[PDB]
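Peer 1: This is work-v4.txt, which holds compact mmCIF, N, CA and C atoms:
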# COMPACT_ATOMS: atom_id res chain seq x y z
N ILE A 1 -74.72 -70.75 -253.22
CA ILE A 1 -74.91 -69.46 -253.91
C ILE A 1 -76.25 -69.48 -254.68
N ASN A 2 -77.36 -69.73 -253.95
CA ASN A 2 -78.71 -69.81 -254.51
C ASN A 2 -79.37 -68.42 -254.67
N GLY A 3 -80.55 -68.39 -255.29
CA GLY A 3 -81.32 -67.16 -255.45
C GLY A 3 -81.94 -66.93 -256.81
N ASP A 4 -82.46 -65.70 -257.00
CA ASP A 4 -83.10 -65.20 -258.22
C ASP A 4 -82.12 -64.24 -258.89
N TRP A 5 -81.55 -64.64 -260.03
CA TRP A 5 -80.54 -63.87 -260.74
C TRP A 5 -81.02 -63.34 -262.10
N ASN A 6 -80.28 -62.36 -262.66
CA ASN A 6 -80.55 -61.71 -263.96
C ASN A 6 -79.29 -61.73 -264.81
N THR A 7 -79.41 -61.97 -266.12
CA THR A 7 -78.24 -61.90 -267.00
C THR A 7 -77.93 -60.42 -267.21
N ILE A 8 -76.68 -60.01 -267.00
CA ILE A 8 -76.30 -58.61 -267.17
C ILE A 8 -75.75 -58.39 -268.57
N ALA A 9 -74.86 -59.30 -269.03
CA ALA A 9 -74.26 -59.23 -270.36
C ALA A 9 -73.81 -60.61 -270.84
N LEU A 10 -73.75 -60.78 -272.16
CA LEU A 10 -73.29 -62.00 -272.81
C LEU A 10 -72.30 -61.64 -273.89
N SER A 11 -71.40 -62.56 -274.21
CA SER A 11 -70.43 -62.35 -275.27
C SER A 11 -70.15 -63.67 -276.01
N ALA A 12 -69.82 -63.58 -277.29
CA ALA A 12 -69.55 -64.75 -278.12
C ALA A 12 -68.71 -64.37 -279.32
N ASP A 13 -67.77 -65.25 -279.70
CA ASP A 13 -66.95 -65.03 -280.90
C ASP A 13 -67.87 -65.01 -282.15
N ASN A 14 -68.90 -65.88 -282.17
CA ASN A 14 -69.94 -65.94 -283.19
C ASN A 14 -71.14 -65.21 -282.56
N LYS A 15 -71.17 -63.87 -282.66
CA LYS A 15 -72.19 -63.02 -282.04
C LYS A 15 -73.63 -63.46 -282.29
N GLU A 16 -73.91 -64.08 -283.43
CA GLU A 16 -75.25 -64.52 -283.82
C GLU A 16 -75.95 -65.37 -282.76
N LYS A 17 -75.18 -66.20 -282.03
CA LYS A 17 -75.74 -67.07 -280.99
C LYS A 17 -76.33 -66.30 -279.81
N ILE A 18 -75.82 -65.10 -279.51
CA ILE A 18 -76.33 -64.29 -278.39
C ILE A 18 -77.19 -63.09 -278.86
N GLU A 19 -77.50 -62.97 -280.17
CA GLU A 19 -78.34 -61.86 -280.65
C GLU A 19 -79.81 -62.21 -280.40
N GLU A 20 -80.73 -61.22 -280.54
CA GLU A 20 -82.17 -61.46 -280.34
C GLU A 20 -82.64 -62.54 -281.33
N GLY A 21 -82.89 -63.74 -280.80
CA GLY A 21 -83.29 -64.89 -281.59
C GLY A 21 -82.34 -66.06 -281.45
N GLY A 22 -81.07 -65.78 -281.20
CA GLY A 22 -80.07 -66.82 -281.02
C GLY A 22 -80.37 -67.71 -279.83
N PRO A 23 -79.94 -68.98 -279.86
CA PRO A 23 -80.26 -69.89 -278.74
C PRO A 23 -79.48 -69.64 -277.45
N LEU A 24 -78.38 -68.87 -277.52
CA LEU A 24 -77.58 -68.56 -276.35
C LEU A 24 -77.87 -67.17 -275.77
N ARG A 25 -78.86 -66.41 -276.31
CA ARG A 25 -79.26 -65.14 -275.70
C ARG A 25 -80.18 -65.56 -274.55
N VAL A 26 -79.56 -65.96 -273.44
CA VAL A 26 -80.23 -66.53 -272.28
C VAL A 26 -80.44 -65.52 -271.16
N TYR A 27 -81.72 -65.25 -270.82
CA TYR A 27 -82.08 -64.36 -269.72
C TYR A 27 -82.27 -65.28 -268.51
N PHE A 28 -81.41 -65.17 -267.50
CA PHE A 28 -81.48 -66.06 -266.34
C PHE A 28 -82.55 -65.65 -265.36
N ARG A 29 -83.02 -66.63 -264.56
CA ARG A 29 -84.05 -66.43 -263.55
C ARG A 29 -83.67 -66.99 -262.16
N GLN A 30 -82.99 -68.14 -262.11
CA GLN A 30 -82.57 -68.75 -260.85
C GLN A 30 -81.29 -69.53 -261.06
N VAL A 31 -80.39 -69.46 -260.09
CA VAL A 31 -79.12 -70.19 -260.11
C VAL A 31 -79.02 -70.84 -258.74
N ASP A 32 -79.44 -72.10 -258.63
CA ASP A 32 -79.48 -72.82 -257.37
C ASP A 32 -78.39 -73.89 -257.28
N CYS A 33 -77.41 -73.65 -256.41
CA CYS A 33 -76.28 -74.55 -256.19
C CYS A 33 -76.67 -75.64 -255.20
N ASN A 34 -76.07 -76.84 -255.32
CA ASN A 34 -76.33 -77.91 -254.35
C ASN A 34 -75.37 -77.72 -253.13
N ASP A 35 -75.23 -78.72 -252.24
CA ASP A 35 -74.40 -78.58 -251.04
C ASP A 35 -72.96 -78.12 -251.38
N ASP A 36 -72.21 -78.91 -252.15
CA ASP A 36 -70.82 -78.59 -252.53
C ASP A 36 -70.69 -77.97 -253.93
N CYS A 37 -71.79 -77.55 -254.55
CA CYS A 37 -71.80 -77.00 -255.91
C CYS A 37 -71.30 -77.96 -256.97
N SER A 38 -71.35 -79.28 -256.71
CA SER A 38 -71.02 -80.27 -257.73
C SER A 38 -72.09 -80.29 -258.86
N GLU A 39 -73.26 -79.60 -258.66
CA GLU A 39 -74.34 -79.46 -259.64
C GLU A 39 -75.06 -78.12 -259.39
N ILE A 40 -75.29 -77.32 -260.44
CA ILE A 40 -75.97 -76.03 -260.33
C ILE A 40 -77.21 -76.09 -261.22
N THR A 41 -78.39 -75.89 -260.64
CA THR A 41 -79.63 -75.87 -261.41
C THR A 41 -79.86 -74.44 -261.89
N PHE A 42 -80.10 -74.25 -263.19
CA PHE A 42 -80.33 -72.95 -263.81
C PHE A 42 -81.71 -72.88 -264.43
N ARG A 43 -82.55 -71.96 -263.96
CA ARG A 43 -83.84 -71.72 -264.59
C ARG A 43 -83.63 -70.46 -265.45
N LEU A 44 -83.92 -70.55 -266.76
CA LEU A 44 -83.69 -69.43 -267.67
C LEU A 44 -84.63 -69.45 -268.87
N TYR A 45 -84.80 -68.28 -269.49
CA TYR A 45 -85.65 -68.11 -270.65
C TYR A 45 -84.81 -67.73 -271.86
N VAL A 46 -85.27 -68.13 -273.07
CA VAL A 46 -84.61 -67.79 -274.34
C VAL A 46 -85.71 -67.41 -275.31
N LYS A 47 -85.63 -66.22 -275.93
CA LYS A 47 -86.62 -65.83 -276.93
C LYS A 47 -86.21 -66.56 -278.22
N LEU A 48 -87.06 -67.49 -278.70
CA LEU A 48 -86.80 -68.32 -279.88
C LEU A 48 -88.08 -68.47 -280.67
N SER A 49 -88.11 -67.98 -281.92
CA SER A 49 -89.30 -68.02 -282.77
C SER A 49 -90.45 -67.24 -282.10
N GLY A 50 -90.12 -66.06 -281.56
CA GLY A 50 -91.08 -65.21 -280.87
C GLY A 50 -91.72 -65.83 -279.64
N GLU A 51 -91.08 -66.84 -279.05
CA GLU A 51 -91.60 -67.54 -277.88
C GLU A 51 -90.59 -67.46 -276.75
N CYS A 52 -91.06 -67.24 -275.51
CA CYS A 52 -90.18 -67.22 -274.35
C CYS A 52 -90.05 -68.64 -273.84
N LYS A 53 -89.07 -69.39 -274.37
CA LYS A 53 -88.88 -70.78 -273.99
C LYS A 53 -88.15 -70.92 -272.66
N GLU A 54 -88.84 -71.43 -271.63
CA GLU A 54 -88.27 -71.66 -270.31
C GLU A 54 -87.49 -72.95 -270.33
N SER A 55 -86.44 -73.00 -269.53
CA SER A 55 -85.58 -74.17 -269.41
C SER A 55 -85.04 -74.24 -267.99
N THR A 56 -84.94 -75.45 -267.44
CA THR A 56 -84.39 -75.68 -266.10
C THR A 56 -83.36 -76.80 -266.28
N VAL A 57 -82.05 -76.45 -266.21
CA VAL A 57 -80.93 -77.34 -266.53
C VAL A 57 -79.88 -77.50 -265.43
N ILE A 58 -79.24 -78.68 -265.36
CA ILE A 58 -78.22 -79.01 -264.35
C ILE A 58 -76.81 -79.05 -264.97
N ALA A 59 -75.89 -78.27 -264.38
CA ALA A 59 -74.50 -78.20 -264.81
C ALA A 59 -73.64 -78.93 -263.78
N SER A 60 -73.01 -80.06 -264.17
CA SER A 60 -72.22 -80.87 -263.24
C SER A 60 -70.73 -80.56 -263.31
N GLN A 61 -70.09 -80.49 -262.13
CA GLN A 61 -68.68 -80.18 -262.01
C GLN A 61 -67.84 -81.40 -262.32
N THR A 62 -67.00 -81.29 -263.36
CA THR A 62 -66.08 -82.34 -263.80
C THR A 62 -64.89 -82.44 -262.81
N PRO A 63 -63.90 -83.36 -262.99
CA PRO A 63 -62.79 -83.44 -262.01
C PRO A 63 -61.77 -82.31 -262.09
N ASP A 64 -62.01 -81.28 -262.92
CA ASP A 64 -61.10 -80.16 -263.16
C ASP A 64 -61.76 -78.80 -262.86
N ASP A 65 -62.80 -78.77 -262.01
CA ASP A 65 -63.51 -77.54 -261.67
C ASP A 65 -64.29 -76.91 -262.84
N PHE A 66 -64.39 -77.62 -264.00
CA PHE A 66 -65.20 -77.16 -265.13
C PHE A 66 -66.63 -77.72 -265.00
N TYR A 67 -67.59 -77.11 -265.69
CA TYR A 67 -68.99 -77.50 -265.59
C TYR A 67 -69.59 -77.85 -266.93
N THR A 68 -70.17 -79.06 -267.06
CA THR A 68 -70.78 -79.52 -268.30
C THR A 68 -72.29 -79.55 -268.18
N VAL A 69 -72.97 -78.92 -269.15
CA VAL A 69 -74.42 -78.82 -269.20
C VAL A 69 -74.89 -78.96 -270.65
N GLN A 70 -76.01 -79.67 -270.85
CA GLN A 70 -76.58 -79.80 -272.18
C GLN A 70 -77.58 -78.68 -272.37
N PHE A 71 -77.33 -77.81 -273.35
CA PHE A 71 -78.24 -76.71 -273.67
C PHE A 71 -77.88 -76.16 -275.02
N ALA A 72 -78.73 -76.35 -276.04
CA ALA A 72 -78.45 -75.92 -277.42
C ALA A 72 -77.08 -76.45 -277.90
N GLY A 73 -76.74 -77.66 -277.46
CA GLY A 73 -75.47 -78.31 -277.71
C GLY A 73 -74.76 -78.65 -276.41
N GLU A 74 -73.53 -79.13 -276.54
CA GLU A 74 -72.72 -79.51 -275.38
C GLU A 74 -72.01 -78.24 -274.90
N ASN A 75 -72.10 -77.89 -273.61
CA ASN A 75 -71.45 -76.68 -273.08
C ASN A 75 -70.47 -77.04 -271.99
N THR A 76 -69.30 -76.37 -271.95
CA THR A 76 -68.33 -76.58 -270.87
C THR A 76 -67.89 -75.19 -270.40
N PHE A 77 -68.28 -74.78 -269.19
CA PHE A 77 -67.95 -73.45 -268.69
C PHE A 77 -67.25 -73.48 -267.34
N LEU A 78 -66.47 -72.42 -267.06
CA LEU A 78 -65.76 -72.25 -265.79
C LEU A 78 -66.30 -70.98 -265.12
N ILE A 79 -66.28 -70.91 -263.77
CA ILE A 79 -66.74 -69.70 -263.08
C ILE A 79 -65.53 -68.77 -263.00
N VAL A 80 -65.38 -67.88 -263.98
CA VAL A 80 -64.22 -66.98 -264.07
C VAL A 80 -64.14 -66.01 -262.90
N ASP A 81 -65.28 -65.53 -262.41
CA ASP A 81 -65.32 -64.61 -261.27
C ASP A 81 -66.58 -64.86 -260.45
N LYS A 82 -66.52 -64.54 -259.15
CA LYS A 82 -67.66 -64.70 -258.25
C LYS A 82 -67.58 -63.66 -257.13
N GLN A 83 -68.46 -62.65 -257.19
CA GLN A 83 -68.56 -61.60 -256.17
C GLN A 83 -69.87 -61.81 -255.37
N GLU A 84 -70.22 -60.90 -254.44
CA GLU A 84 -71.43 -61.06 -253.63
C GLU A 84 -72.70 -60.92 -254.48
N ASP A 85 -72.75 -59.88 -255.33
CA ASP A 85 -73.90 -59.56 -256.19
C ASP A 85 -73.70 -59.93 -257.67
N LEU A 86 -72.56 -60.54 -258.06
CA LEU A 86 -72.27 -60.88 -259.46
C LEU A 86 -71.47 -62.18 -259.56
N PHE A 87 -71.33 -62.69 -260.79
CA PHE A 87 -70.49 -63.84 -261.15
C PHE A 87 -70.41 -63.98 -262.68
N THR A 88 -69.27 -64.41 -263.20
CA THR A 88 -69.09 -64.54 -264.65
C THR A 88 -68.73 -65.98 -265.05
N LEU A 89 -69.06 -66.35 -266.29
CA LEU A 89 -68.79 -67.68 -266.84
C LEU A 89 -68.11 -67.54 -268.19
N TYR A 90 -67.31 -68.53 -268.57
CA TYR A 90 -66.68 -68.58 -269.88
C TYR A 90 -67.03 -69.95 -270.43
N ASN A 91 -68.03 -70.00 -271.31
CA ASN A 91 -68.54 -71.23 -271.90
C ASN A 91 -67.99 -71.51 -273.29
N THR A 92 -67.96 -72.81 -273.67
CA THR A 92 -67.57 -73.30 -275.00
C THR A 92 -68.75 -74.13 -275.49
N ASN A 93 -69.60 -73.55 -276.36
CA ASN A 93 -70.82 -74.22 -276.86
C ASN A 93 -70.57 -74.94 -278.19
N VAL A 94 -70.87 -76.26 -278.25
CA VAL A 94 -70.75 -77.07 -279.46
C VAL A 94 -72.17 -77.41 -279.91
N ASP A 95 -72.76 -76.60 -280.82
CA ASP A 95 -74.14 -76.81 -281.28
C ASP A 95 -74.33 -78.13 -282.06
N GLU A 96 -75.56 -78.41 -282.56
CA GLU A 96 -75.87 -79.63 -283.31
C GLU A 96 -74.96 -79.78 -284.52
N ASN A 97 -74.59 -78.66 -285.17
CA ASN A 97 -73.72 -78.66 -286.34
C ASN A 97 -72.21 -78.57 -286.01
N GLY A 98 -71.83 -78.83 -284.77
CA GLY A 98 -70.43 -78.80 -284.37
C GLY A 98 -69.76 -77.44 -284.27
N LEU A 99 -70.48 -76.33 -284.53
CA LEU A 99 -69.90 -75.00 -284.43
C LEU A 99 -69.54 -74.70 -282.98
N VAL A 100 -68.28 -74.35 -282.75
CA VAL A 100 -67.80 -74.02 -281.42
C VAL A 100 -67.90 -72.51 -281.19
N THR A 101 -68.89 -72.10 -280.39
CA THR A 101 -69.09 -70.71 -280.03
C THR A 101 -68.66 -70.53 -278.58
N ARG A 102 -67.46 -69.97 -278.38
CA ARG A 102 -66.94 -69.68 -277.05
C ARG A 102 -67.27 -68.22 -276.68
N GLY A 103 -67.55 -67.99 -275.41
CA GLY A 103 -67.91 -66.66 -274.95
C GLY A 103 -68.10 -66.53 -273.46
N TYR A 104 -68.39 -65.31 -273.00
CA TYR A 104 -68.60 -65.01 -271.59
C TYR A 104 -70.08 -64.78 -271.27
N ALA A 105 -70.43 -64.83 -269.97
CA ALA A 105 -71.78 -64.59 -269.50
C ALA A 105 -71.76 -64.04 -268.07
N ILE A 106 -72.16 -62.77 -267.87
CA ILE A 106 -72.21 -62.17 -266.53
C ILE A 106 -73.61 -62.32 -266.00
N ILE A 107 -73.74 -62.85 -264.78
CA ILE A 107 -75.03 -63.06 -264.13
C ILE A 107 -74.92 -62.43 -262.74
N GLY A 108 -75.94 -61.67 -262.35
CA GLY A 108 -75.92 -60.97 -261.08
C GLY A 108 -77.30 -60.57 -260.60
N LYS A 109 -77.32 -59.80 -259.51
CA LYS A 109 -78.56 -59.31 -258.91
C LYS A 109 -78.96 -57.93 -259.46
N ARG A 110 -78.03 -57.19 -260.07
CA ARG A 110 -78.31 -55.89 -260.69
C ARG A 110 -78.55 -56.09 -262.21
N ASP A 111 -78.93 -55.03 -262.94
CA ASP A 111 -79.17 -55.14 -264.37
C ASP A 111 -78.07 -54.51 -265.22
N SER A 112 -77.03 -53.88 -264.62
CA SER A 112 -75.94 -53.28 -265.40
C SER A 112 -74.60 -53.18 -264.64
N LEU A 113 -73.49 -53.22 -265.39
CA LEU A 113 -72.12 -53.16 -264.87
C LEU A 113 -71.67 -51.72 -264.62
N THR A 114 -70.81 -51.50 -263.61
CA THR A 114 -70.24 -50.18 -263.37
C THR A 114 -69.23 -49.83 -264.50
N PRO A 115 -68.75 -48.57 -264.63
CA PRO A 115 -67.79 -48.27 -265.69
C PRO A 115 -66.50 -49.07 -265.55
N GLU A 116 -66.04 -49.27 -264.30
CA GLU A 116 -64.85 -50.07 -264.02
C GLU A 116 -65.09 -51.53 -264.40
N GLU A 117 -66.24 -52.10 -264.01
CA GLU A 117 -66.56 -53.48 -264.37
C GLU A 117 -66.73 -53.65 -265.88
N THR A 118 -67.20 -52.60 -266.58
CA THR A 118 -67.41 -52.65 -268.02
C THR A 118 -66.09 -52.77 -268.77
N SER A 119 -65.14 -51.85 -268.54
CA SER A 119 -63.85 -51.89 -269.21
C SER A 119 -63.11 -53.19 -268.92
N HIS A 120 -63.22 -53.70 -267.69
CA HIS A 120 -62.55 -54.94 -267.33
C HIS A 120 -63.09 -56.11 -268.13
N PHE A 121 -64.41 -56.14 -268.34
CA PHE A 121 -65.08 -57.18 -269.13
C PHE A 121 -64.67 -57.08 -270.60
N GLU A 122 -64.57 -55.86 -271.12
CA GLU A 122 -64.15 -55.63 -272.50
C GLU A 122 -62.73 -56.15 -272.71
N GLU A 123 -61.84 -55.89 -271.74
CA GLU A 123 -60.46 -56.37 -271.80
C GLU A 123 -60.44 -57.90 -271.78
N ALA A 124 -61.21 -58.53 -270.87
CA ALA A 124 -61.29 -59.98 -270.77
C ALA A 124 -61.76 -60.61 -272.06
N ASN A 125 -62.73 -59.97 -272.75
CA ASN A 125 -63.25 -60.48 -274.01
C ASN A 125 -62.21 -60.40 -275.13
N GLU A 126 -61.67 -59.20 -275.40
CA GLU A 126 -60.66 -59.04 -276.45
C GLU A 126 -59.42 -59.92 -276.15
N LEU A 127 -59.08 -60.10 -274.87
CA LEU A 127 -57.98 -60.96 -274.43
C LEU A 127 -58.25 -62.41 -274.85
N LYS A 128 -59.48 -62.91 -274.64
CA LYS A 128 -59.85 -64.27 -275.04
C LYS A 128 -60.39 -64.33 -276.49
N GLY A 129 -59.93 -63.41 -277.35
CA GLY A 129 -60.30 -63.37 -278.76
C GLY A 129 -61.61 -62.71 -279.14
N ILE A 130 -62.59 -62.66 -278.23
CA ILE A 130 -63.92 -62.10 -278.55
C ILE A 130 -63.86 -60.56 -278.71
N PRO A 131 -64.35 -59.95 -279.82
CA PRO A 131 -64.30 -58.48 -279.92
C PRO A 131 -65.19 -57.73 -278.93
N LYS A 132 -64.87 -56.46 -278.69
CA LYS A 132 -65.66 -55.58 -277.81
C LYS A 132 -67.10 -55.45 -278.34
N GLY A 133 -67.27 -55.44 -279.66
CA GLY A 133 -68.57 -55.33 -280.30
C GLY A 133 -69.46 -56.54 -280.08
N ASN A 134 -68.87 -57.73 -279.94
CA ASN A 134 -69.63 -58.95 -279.70
C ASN A 134 -70.02 -59.10 -278.21
N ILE A 135 -70.56 -58.03 -277.59
CA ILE A 135 -71.03 -58.05 -276.20
C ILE A 135 -72.44 -57.48 -276.19
N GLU A 136 -73.43 -58.33 -275.93
CA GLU A 136 -74.83 -57.93 -275.84
C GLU A 136 -75.15 -57.65 -274.37
N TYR A 137 -75.74 -56.48 -274.07
CA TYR A 137 -76.14 -56.12 -272.71
C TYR A 137 -77.65 -56.28 -272.64
N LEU A 138 -78.12 -57.40 -272.08
CA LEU A 138 -79.55 -57.74 -272.02
C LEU A 138 -80.41 -56.84 -271.11
N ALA A 139 -79.83 -55.78 -270.53
CA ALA A 139 -80.59 -54.86 -269.70
C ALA A 139 -81.73 -54.19 -270.49
N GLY A 140 -82.95 -54.30 -269.98
CA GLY A 140 -84.11 -53.69 -270.60
C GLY A 140 -84.71 -54.41 -271.79
N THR A 141 -84.14 -55.56 -272.19
CA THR A 141 -84.69 -56.36 -273.29
C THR A 141 -85.29 -57.68 -272.78
N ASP A 142 -85.60 -57.79 -271.47
CA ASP A 142 -86.14 -59.02 -270.91
C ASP A 142 -87.65 -58.98 -270.86
N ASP A 143 -88.30 -59.31 -271.98
CA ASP A 143 -89.76 -59.31 -272.05
C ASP A 143 -90.35 -60.70 -271.77
N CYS A 144 -89.65 -61.54 -270.98
CA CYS A 144 -90.14 -62.88 -270.63
C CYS A 144 -90.70 -62.92 -269.19
N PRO A 145 -91.49 -63.95 -268.82
CA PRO A 145 -92.10 -63.99 -267.46
C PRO A 145 -91.28 -64.86 -266.47
N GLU A 146 -91.91 -65.42 -265.40
CA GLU A 146 -91.28 -66.36 -264.46
C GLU A 146 -92.13 -67.66 -264.29
N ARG A 147 -93.01 -67.99 -265.26
CA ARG A 147 -93.88 -69.18 -265.21
C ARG A 147 -93.09 -70.48 -265.47
Let me see the structure of the file written as structure tokens.
Peer 2:
Amino acid sequence: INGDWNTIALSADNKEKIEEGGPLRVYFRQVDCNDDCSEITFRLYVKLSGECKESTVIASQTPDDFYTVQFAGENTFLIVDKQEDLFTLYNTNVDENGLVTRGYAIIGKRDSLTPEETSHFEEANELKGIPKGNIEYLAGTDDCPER
């Protein structure tokens, strides 16, 4: 499931991590899977201190279909959904200070969700404790490059 992808929306119980400036407000660029997807390489940008910080990271599949990646702390995410033009993740981020920020991340080829996909995502968030308000839609706020 390789290619050039875009972050459509992000969510977090601690919204600050995905707000403009937070380390988890991640605008994706590439999601390259290996042969059996036991490792996924992610090229992505994060606006931090007014800088578009590029990162290229590997997420390895544990023996339980979960994925561990080091990025702004220890992260453990599952692929909650996977369609032809979209896919969602539910990550548990443990930053340097031990704060556990759990949340969702929709990544796809388009820049926005349909009305049906939107309500479904809102339900999934409130269901997993995250409020409807703690959902940032990164559409139109991607002022980073591909260098």
Peer 1: Run DSSP on the backbone and tell me which residues of chain A come out as alpha helix (DSSP H); list them as JSON, numbers by chain.
Peer 2: {"A": [115, 116, 117, 118, 119, 120, 121, 122, 123, 124, 125, 126, 127]}
Peer 1: Quick one: residues within 9 Å of range 50-55 of chain A, only C-alpha atoms, excluding same-chain residues fewer than 5 positions away - as a PyMOL selection string?
Peer 2: chain A and resi 21+42-45+71+143-147
Peer 1: Just to confirm, what's the straight-line distance from CA of residue 119 in chain A to CA of residue 132 in chain A in Å (one decimal)?
Peer 2: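 If I compute the distance from CA of residue 119 in chain A to CA of residue 132 in chain A, I get 9.5 Å.
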Peer 1: For a cutoff of 8 Å around the file-coordinate point (-75.8, -56.7, -263.7), which residues qualify once you count only N, CA and C atoms? I'd like the result as a PDB file with N, CA and C atoms, in the coordinates of the input.
Peer 2:
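Final output, saved to result-v5.pdb:
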ATOM      1  N   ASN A   6     -80.280 -62.360-262.660  1.00  0.00           N
ATOM      2  CA  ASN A   6     -80.550 -61.710-263.960  1.00  0.00           C
ATOM      3  C   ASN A   6     -79.290 -61.730-264.810  1.00  0.00           C
ATOM      4  N   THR A   7     -79.410 -61.970-266.120  1.00  0.00           N
ATOM      5  CA  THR A   7     -78.240 -61.900-267.000  1.00  0.00           C
ATOM      6  C   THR A   7     -77.930 -60.420-267.210  1.00  0.00           C
ATOM      7  N   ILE A   8     -76.680 -60.010-267.000  1.00  0.00           N
ATOM      8  CA  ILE A   8     -76.300 -58.610-267.170  1.00  0.00           C
ATOM      9  C   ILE A   8     -75.750 -58.390-268.570  1.00  0.00           C
ATOM     10  N   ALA A   9     -74.860 -59.300-269.030  1.00  0.00           N
ATOM     11  CA  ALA A   9     -74.260 -59.230-270.360  1.00  0.00           C
ATOM     12  C   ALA A   9     -73.810 -60.610-270.840  1.00  0.00           C
ATOM     13  N   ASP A  85     -72.750 -59.880-255.330  1.00  0.00           N
ATOM     14  CA  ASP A  85     -73.900 -59.560-256.190  1.00  0.00           C
ATOM     15  C   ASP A  85     -73.700 -59.930-257.670  1.00  0.00           C
ATOM     16  N   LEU A  86     -72.560 -60.540-258.060  1.00  0.00           N
ATOM     17  CA  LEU A  86     -72.270 -60.880-259.460  1.00  0.00           C
ATOM     18  C   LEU A  86     -71.470 -62.180-259.560  1.00  0.00           C
ATOM     19  N   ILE A 106     -72.160 -62.770-267.870  1.00  0.00           N
ATOM     20  CA  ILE A 106     -72.210 -62.170-266.530  1.00  0.00           C
ATOM     21  C   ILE A 106     -73.610 -62.320-266.000  1.00  0.00           C
ATOM     22  N   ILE A 107     -73.740 -62.850-264.780  1.00  0.00           N
ATOM     23  CA  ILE A 107     -75.030 -63.060-264.130  1.00  0.00           C
ATOM     24  C   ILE A 107     -74.920 -62.430-262.740  1.00  0.00           C
ATOM     25  N   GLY A 108     -75.940 -61.670-262.350  1.00  0.00           N
ATOM     26  CA  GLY A 108     -75.920 -60.970-261.080  1.00  0.00           C
ATOM     27  C   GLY A 108     -77.300 -60.570-260.600  1.00  0.00           C
ATOM     28  N   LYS A 109     -77.320 -59.800-259.510  1.00  0.00           N
ATOM     29  CA  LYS A 109     -78.560 -59.310-258.910  1.00  0.00           C
ATOM     30  C   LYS A 109     -78.960 -57.930-259.460  1.00  0.00           C
ATOM     31  N   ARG A 110     -78.030 -57.190-260.070  1.00  0.00           N
ATOM     32  CA  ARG A 110     -78.310 -55.890-260.690  1.00  0.00           C
ATOM     33  C   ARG A 110     -78.550 -56.090-262.210  1.00  0.00           C
ATOM     34  N   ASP A 111     -78.930 -55.030-262.940  1.00  0.00           N
ATOM     35  CA  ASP A 111     -79.170 -55.140-264.370  1.00  0.00           C
ATOM     36  C   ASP A 111     -78.070 -54.510-265.220  1.00  0.00           C
ATOM     37  N   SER A 112     -77.030 -53.880-264.620  1.00  0.00           N
ATOM     38  CA  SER A 112     -75.940 -53.280-265.400  1.00  0.00           C
ATOM     39  C   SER A 112     -74.600 -53.180-264.640  1.00  0.00           C
ATOM     40  N   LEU A 113     -73.490 -53.220-265.390  1.00  0.00           N
ATOM     41  CA  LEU A 113     -72.120 -53.160-264.870  1.00  0.00           C
ATOM     42  C   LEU A 113     -71.670 -51.720-264.620  1.00  0.00           C
ATOM     43  N   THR A 114     -70.810 -51.500-263.610  1.00  0.00           N
ATOM     44  CA  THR A 114     -70.240 -50.180-263.370  1.00  0.00           C
ATOM     45  C   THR A 114     -69.230 -49.830-264.500  1.00  0.00           C
ATOM     46  N   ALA A 139     -79.830 -55.780-270.530  1.00  0.00           N
ATOM     47  CA  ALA A 139     -80.590 -54.860-269.700  1.00  0.00           C
ATOM     48  C   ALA A 139     -81.730 -54.190-270.490  1.00  0.00           C
TER      49      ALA A 139
END
Peer 1: Calculate how many Å separate atom N of residue 2 in chain A from atom C of residue 89 in chain A, rounding to one decimal.
Peer 2: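 About the pair atom N of residue 2 in chain A and atom C of residue 89 in chain A: they are 17.1 Å apart.
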Peer 1: From the list A:59, A:95, A:115, A:87, which residue is nearest residue 73 in chain A when using only N, CA and C atoms?
Peer 2: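 Among A:59, A:95, A:115, A:87, it is A:95 that comes nearest to residue 73 in chain A.
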Peer 1: Figure out the distance between CA of residue 18 in chain A and atom C of residue 30 in chain A, please, to one decimal in Å.
Peer 2: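 If I compute the distance from atom C of residue 30 in chain A to CA of residue 18 in chain A, I get 18.8 Å.
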Peer 1: If you count all atoms listed in the file, which residues fall within 5 Å of residue 76 in chain A, apart from same-chain ones fewer than 4 positions away, as a ChimeraX atom specification?
Peer 2: /A:67-68,91-92
Peer 1: For those residues, write N, CA and C atoms to a file as a PDB file, keeping the file's coordinate frame.
Peer 2:
ATOM      1  N   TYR A  67     -67.590 -77.110-265.690  1.00  0.00           N
ATOM      2  CA  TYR A  67     -68.990 -77.500-265.590  1.00  0.00           C
ATOM      3  C   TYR A  67     -69.590 -77.850-266.930  1.00  0.00           C
ATOM      4  N   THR A  68     -70.170 -79.060-267.060  1.00  0.00           N
ATOM      5  CA  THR A  68     -70.780 -79.520-268.300  1.00  0.00           C
ATOM      6  C   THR A  68     -72.290 -79.550-268.180  1.00  0.00           C
ATOM      7  N   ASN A  91     -68.030 -70.000-271.310  1.00  0.00           N
ATOM      8  CA  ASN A  91     -68.540 -71.230-271.900  1.00  0.00           C
ATOM      9  C   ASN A  91     -67.990 -71.510-273.290  1.00  0.00           C
ATOM     10  N   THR A  92     -67.960 -72.810-273.670  1.00  0.00           N
ATOM     11  CA  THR A  92     -67.570 -73.300-275.000  1.00  0.00           C
ATOM     12  C   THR A  92     -68.750 -74.130-275.490  1.00  0.00           C
TER      13      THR A  92
END
Peer 1: Produce range 121-133 of chain A of the given structure as output with C-alpha atoms, as a tab-separated table (two decimals), in the first residue's frame.
Peer 2:
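Full text of result_32.tsv as output:
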chain	number	residue	atom	x	y	z
A	121	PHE	CA	-15.29	9.48	12.48
A	122	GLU	CA	-16.97	11.72	15.08
A	123	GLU	CA	-18.77	8.66	16.51
A	124	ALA	CA	-15.50	6.66	16.60
A	125	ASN	CA	-13.77	9.50	18.46
A	126	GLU	CA	-16.46	10.12	21.13
A	127	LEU	CA	-16.75	6.29	21.45
A	128	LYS	CA	-13.00	6.04	22.25
A	129	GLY	CA	-13.29	8.98	24.72
A	130	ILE	CA	-11.97	11.74	22.39
A	131	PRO	CA	-14.48	14.69	22.01
A	132	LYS	CA	-15.89	15.80	18.64
A	133	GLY	CA	-14.15	19.18	19.18
